[PDB]
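Down below is the structure, laid out as structure tokens.
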Amino acid sequence: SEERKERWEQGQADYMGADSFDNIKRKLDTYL
Amino acid sequence: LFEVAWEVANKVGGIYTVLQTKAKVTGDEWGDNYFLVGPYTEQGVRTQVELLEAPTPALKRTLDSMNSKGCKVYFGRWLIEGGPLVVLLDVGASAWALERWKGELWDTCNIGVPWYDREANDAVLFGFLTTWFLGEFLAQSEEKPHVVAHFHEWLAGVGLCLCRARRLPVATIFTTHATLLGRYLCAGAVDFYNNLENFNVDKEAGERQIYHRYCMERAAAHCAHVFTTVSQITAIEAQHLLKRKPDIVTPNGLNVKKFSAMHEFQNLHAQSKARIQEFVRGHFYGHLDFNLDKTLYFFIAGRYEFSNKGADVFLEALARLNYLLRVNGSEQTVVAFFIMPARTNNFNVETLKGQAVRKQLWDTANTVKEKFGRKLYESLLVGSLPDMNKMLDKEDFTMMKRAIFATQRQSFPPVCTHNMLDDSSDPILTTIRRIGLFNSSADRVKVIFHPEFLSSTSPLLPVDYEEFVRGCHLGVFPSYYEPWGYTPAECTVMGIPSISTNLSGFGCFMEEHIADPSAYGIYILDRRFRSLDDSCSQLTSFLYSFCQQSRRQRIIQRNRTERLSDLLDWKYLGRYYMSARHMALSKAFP
Ligand SMILES: O=P(O)(O)OC[C@@H]1O[C@@H](O)[C@H](O)[C@H](O)[C@H]1O
């Protein structure tokens with residue numbers, strides 16, 4: 001998760017890596 | 001209930017008037033429990049909100065805790081209709097804990113924000129302040145009542161998921177107005193509405209630097225208990241883009257200014273149209289060879305967008321109408337106004353010259369008529385009749401003759417009432433030259449381009465936007481990418497026919513509530529399942545059909561279109577908001 005700091009700090013916004021939107025989906029869905 | 005929006009202190013979009021109009025009905029529904037949340041702006045506290053230094057009668061401890069803990073908040077009354085209870089939250093009051101907040105924001109909804117985008121950081125801190133305020137309130141509210149949270153804008157909605165991350169027993173409603181990435185899709189020279197089934201959303205958000213904005217927009221949409229969207233087509237594009245079907249659609253309503261008499265909106269059209277004629281006469285001195293009682297006024301308004309507003313399709317439709325009118329041998333002539341605010345400098349010398357010539361002709365007529373009045377008064381006093389053997393005077397004919405000599409002109413009338421800064425790259429003028437509309441005598445379609453908002457301070461056209469709209473005969477709005485559409489709704493409220501498309505939110509909304517939308521004057525098009533040529537041909541057919549009716553038929557059409565104002569009023573649109581709030585409450589806590 002540390003390596004994911006700078007990627008969203010100065011605006012890399014990686015999209016073909018292991019940080020796609022579903023990577024946020026499958027942990028936000030557990031919130032409800 | 002809590003309304004969260006970024007447009008409470010600044011008028012950057014149309015959400016301001018929507019919220020201002022909805023405040024009355026929301027307050028009438030919710031009594032004194034209606035609170036609204038908005039950012040604090042230095043420019044929006046002078047004549048925009050009455051600050052209340054006194055504590056809220058039902059809330060004293062949370063404000064004291066918030067003030068003592070460092071952040072600065074204000075309570076007061078919004079300077080709008082009804083009774084609003086507004087809270088303003090400063091953006092710099094808690095600007096000293098952005099690092100800590102984003103450190104503890106990594107595990108909540110996993111959103112990252114660039115450091116050089118001040119607006120995104122301001123929205124994030126606003127969301128943090130809002131969720132902190134909700135937490136403090138529910139901690140200090142003894143958990144007796146139930147709180148429902150409504151979010152109207154995506155910047156203000158970033159905190160919504162934060163509440164969902166804090167297990168707060170509240171109903172979560174997410175309302176969107178338009179897709180940000182969709183706006184940039186339409187400028188990519190790629191078909192958008194016919195390819196709605198296949199979007200490579202991740203990358204197109206990636207290389208276009210709008211990745212994170214869509215990221216927390218979709219996060220808020222997914223996390224919300226209920227999701228609402230402005231119109232049906234916007235709901236469809238959200239479902240095919242955000243991968244979440246909205247529970248219900250929420251069209252925007254507008255307050256209607258009723259009159260004592262039903263027909264008064266006709267009278268406002270009668271005189272305002274006259275103000276247009278005095279303009280067009282001035283713009284057509286030396287070429288007034290057509291009867292002005294058989295003239296139609298078409299217009300298209302809004303922001304200067306070429307493809308997204310349908311200026312081009314209107315232009316070639318008018319060209320086809322002109323070509324058709326020169327083979328039918330008809331005397332009807334139409335005038336099309338383009339209220340497209342662009343960047344301009346100074347005025348047009350020919351237009352002002354025409355206005356001055358019209359005024360000079362009026363002065364000459366006034367002098368001659370005063371002389372005639374004096375002579376007629378004398379003859380009536382002596383007890384006789386005017387035989388017109390002395391009105392000639394052998395002198396007034398000289399001045400009238402030289403006036404007519406001055407009125408003579410050789411060059412063609414101009415197409416613009418201003419002076420363009422650039423002419424080799426202006427789409428409107430290039431298209432007009434290409435299609436061949438030069439306001440010639442043999443033509444039947446006239447084009448007038450006025451790249452400036454209409455105001456009473458202008459030298460020419462001394463009318464505002466509302467009166468000019470009320471004066472026209474039919475507004476043509478062939479929108480292509482329009483989320484909801486305010487101008488056609490305004491025209492419908494004013495009581496004039498309009499032309500719209502199912503692509504626009506207003507057209508789709510009207511097409512699904514009233515059967516046969518042709519007798520009421522809301523001419524609908526089909527730009528979704530038809531090609532450009534089919535759409536322009538249908539528009540030309542509609543224009544010819546409008547030109548075909550008589551004056552009585554036009555009066556019938558306008559009278560019937562006037563009655564549809566009740567459909568767009570908030571009194572009818574509040575039902576959808578009530579349903580959405582009730583569904584959210586049921587989903588959160590039975
Ligand atoms: O709407 P029009 O075809 O321009 O008709 C012209 C005027 O319309 C309305 O204002 C009234 O009916 C007037 O009595 C009529 O003179």
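By convention in this document, the chains of the structure tokens carry letters A, B, ... by their order, each chain's residues are numbered from 1, and ligands are numbered from 1 in the order they are shown.
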Pick out each residue of stretch 12-226 of chain B that DSSP on the backbone tags as strand (DSSP E); I need them as a count of residues only.
34
What parts of stretch 321-506 of chain B does DSSP call helix (DSSP H, G or I)? I'd like the answer as an NGL selection string.
:B and (321-325 or 349-382 or 396-407 or 427-435 or 465-471 or 487-494 or 505-506)
With only C-alpha atoms as the counted atoms, please give the residues lying no more than 9 Å from residue B:541, apart from itself and same-chain residues fewer than 4 positions off, as a PyMOL selection string.
chain B and resi 317+321+536-537+545-546
Atoms kept (C-alpha atoms) for selection, written as an mmCIF file, in the first residue's frame:
```cif
data_model
loop_
_atom_site.group_PDB
_atom_site.id
_atom_site.type_symbol
_atom_site.label_atom_id
_atom_site.label_comp_id
_atom_site.auth_asym_id
_atom_site.auth_seq_id
_atom_site.Cartn_x
_atom_site.Cartn_y
_atom_site.Cartn_z
ATOM 1 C CA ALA B 317 -32.506 22.533 -41.959
ATOM 2 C CA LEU B 321 -36.438 25.219 -45.903
ATOM 3 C CA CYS B 536 -32.172 17.176 -40.545
ATOM 4 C CA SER B 537 -34.882 16.135 -43.012
ATOM 5 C CA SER B 545 -45.277 22.205 -40.947
ATOM 6 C CA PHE B 546 -44.951 25.096 -38.502
#
```
Please extract the residues at most 6 Å from ligand 1, counting only C-alpha atoms and all ligand atoms, and provide them as a PDB file with C-alpha atoms, in the first residue's frame, using the chain letters and residue numbers of this document.
```
ATOM      1  CA  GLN B 266     -50.068  36.140 -25.061  1.00  0.00           C
ATOM      2  CA  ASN B 267     -50.105  39.909 -24.520  1.00  0.00           C
ATOM      3  CA  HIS B 269     -45.794  38.125 -26.665  1.00  0.00           C
ATOM      4  CA  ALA B 270     -47.747  40.758 -28.604  1.00  0.00           C
ATOM      5  CA  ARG B 551     -52.497  32.676 -37.084  1.00  0.00           C
ATOM      6  CA  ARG B 554     -50.575  29.237 -33.879  1.00  0.00           C
ATOM      7  CA  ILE B 555     -52.695  30.829 -31.143  1.00  0.00           C
TER       8      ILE B 555
END
```
Please report as a VMD selection string which residues of chain B come no farther than 7 Å from chain A, using only C-alpha atoms.
chain B and resid 109 to 110 112 to 115 165 202 to 203 206 211
One-decimal distance in Å that lies between atom CA of residue B:350 and atom CA of residue B:409
11.1 Å
Neighbouring residues of stretch 480-483 of chain B were defined as those with any atom within 9 Å, considering only C-alpha atoms; residues of the same chain fewer than 4 positions away were excluded. Please report them as a PyMOL selection string.
chain B and resi 177-179+182-183+186+230-231+233-234+307-310+501-506+527
Selection export as a short mmCIF file (atom, residue, chain, number, x, y, z; two decimals), in the first residue's frame, atoms kept: N, CA, C and O atoms:
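So the final result, stored in result28.cif, reads:
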```
data_model
loop_
_atom_site.label_atom_id
_atom_site.label_comp_id
_atom_site.auth_asym_id
_atom_site.auth_seq_id
_atom_site.Cartn_x
_atom_site.Cartn_y
_atom_site.Cartn_z
N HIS B 177 -25.90 14.95 -11.56
CA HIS B 177 -26.46 15.80 -12.60
C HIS B 177 -25.97 15.44 -13.99
O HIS B 177 -26.77 15.41 -14.93
N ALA B 178 -24.68 15.16 -14.14
CA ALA B 178 -24.13 14.75 -15.42
C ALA B 178 -22.82 14.02 -15.17
O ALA B 178 -22.22 14.13 -14.10
N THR B 179 -22.39 13.26 -16.17
CA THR B 179 -21.11 12.57 -16.11
C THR B 179 -20.01 13.48 -16.65
O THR B 179 -20.14 14.06 -17.73
N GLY B 182 -18.29 11.96 -19.74
CA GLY B 182 -19.14 12.03 -20.91
C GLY B 182 -19.03 13.34 -21.66
O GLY B 182 -19.16 13.38 -22.89
N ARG B 183 -18.80 14.44 -20.93
CA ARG B 183 -18.60 15.73 -21.60
C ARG B 183 -17.39 15.68 -22.52
O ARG B 183 -17.43 16.19 -23.64
N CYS B 186 -17.82 13.57 -25.99
CA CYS B 186 -18.46 14.16 -27.16
C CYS B 186 -17.50 14.97 -28.02
O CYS B 186 -17.80 15.25 -29.18
N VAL B 230 -30.91 12.67 -13.01
CA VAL B 230 -31.79 13.76 -13.41
C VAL B 230 -32.86 13.29 -14.39
O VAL B 230 -34.04 13.61 -14.23
N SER B 231 -32.48 12.53 -15.42
CA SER B 231 -33.43 12.15 -16.46
C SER B 231 -33.20 10.72 -16.89
O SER B 231 -32.26 10.05 -16.45
N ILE B 233 -32.43 9.35 -19.94
CA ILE B 233 -31.24 9.06 -20.74
C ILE B 233 -29.98 9.20 -19.89
O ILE B 233 -29.02 8.44 -20.05
N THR B 234 -29.96 10.17 -18.98
CA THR B 234 -28.85 10.28 -18.04
C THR B 234 -28.80 9.07 -17.12
O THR B 234 -27.72 8.59 -16.77
N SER B 307 -21.70 21.56 -31.66
CA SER B 307 -22.32 20.25 -31.85
C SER B 307 -23.31 19.93 -30.74
O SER B 307 -24.36 19.32 -31.00
N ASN B 308 -23.00 20.32 -29.50
CA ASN B 308 -23.83 19.94 -28.36
C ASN B 308 -25.14 20.70 -28.29
O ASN B 308 -26.02 20.31 -27.52
N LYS B 309 -25.31 21.77 -29.08
CA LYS B 309 -26.55 22.52 -29.08
C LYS B 309 -27.33 22.41 -30.38
O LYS B 309 -28.45 22.92 -30.46
N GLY B 310 -26.77 21.77 -31.40
CA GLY B 310 -27.48 21.59 -32.65
C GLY B 310 -27.58 22.82 -33.51
O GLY B 310 -28.57 22.99 -34.22
N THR B 501 -35.22 17.06 -28.73
CA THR B 501 -34.88 15.70 -29.11
C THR B 501 -34.96 14.78 -27.90
O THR B 501 -34.83 15.22 -26.75
N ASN B 502 -35.19 13.50 -28.16
CA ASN B 502 -35.20 12.51 -27.09
C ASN B 502 -33.84 12.38 -26.42
O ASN B 502 -33.76 11.89 -25.29
N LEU B 503 -32.77 12.80 -27.10
CA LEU B 503 -31.45 12.79 -26.48
C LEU B 503 -31.41 13.73 -25.28
O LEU B 503 -30.81 13.41 -24.25
N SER B 504 -32.03 14.90 -25.40
CA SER B 504 -32.09 15.83 -24.29
C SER B 504 -32.97 15.28 -23.18
O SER B 504 -33.91 14.52 -23.42
N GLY B 505 -32.65 15.68 -21.95
CA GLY B 505 -33.43 15.22 -20.81
C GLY B 505 -34.87 15.68 -20.86
O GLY B 505 -35.79 14.92 -20.55
N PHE B 506 -35.09 16.94 -21.26
CA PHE B 506 -36.45 17.47 -21.33
C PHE B 506 -37.27 16.73 -22.37
O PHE B 506 -38.44 16.40 -22.13
N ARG B 527 -32.68 11.66 -32.75
CA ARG B 527 -31.26 11.67 -33.09
C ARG B 527 -30.53 10.47 -32.50
O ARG B 527 -29.30 10.40 -32.59
#
```
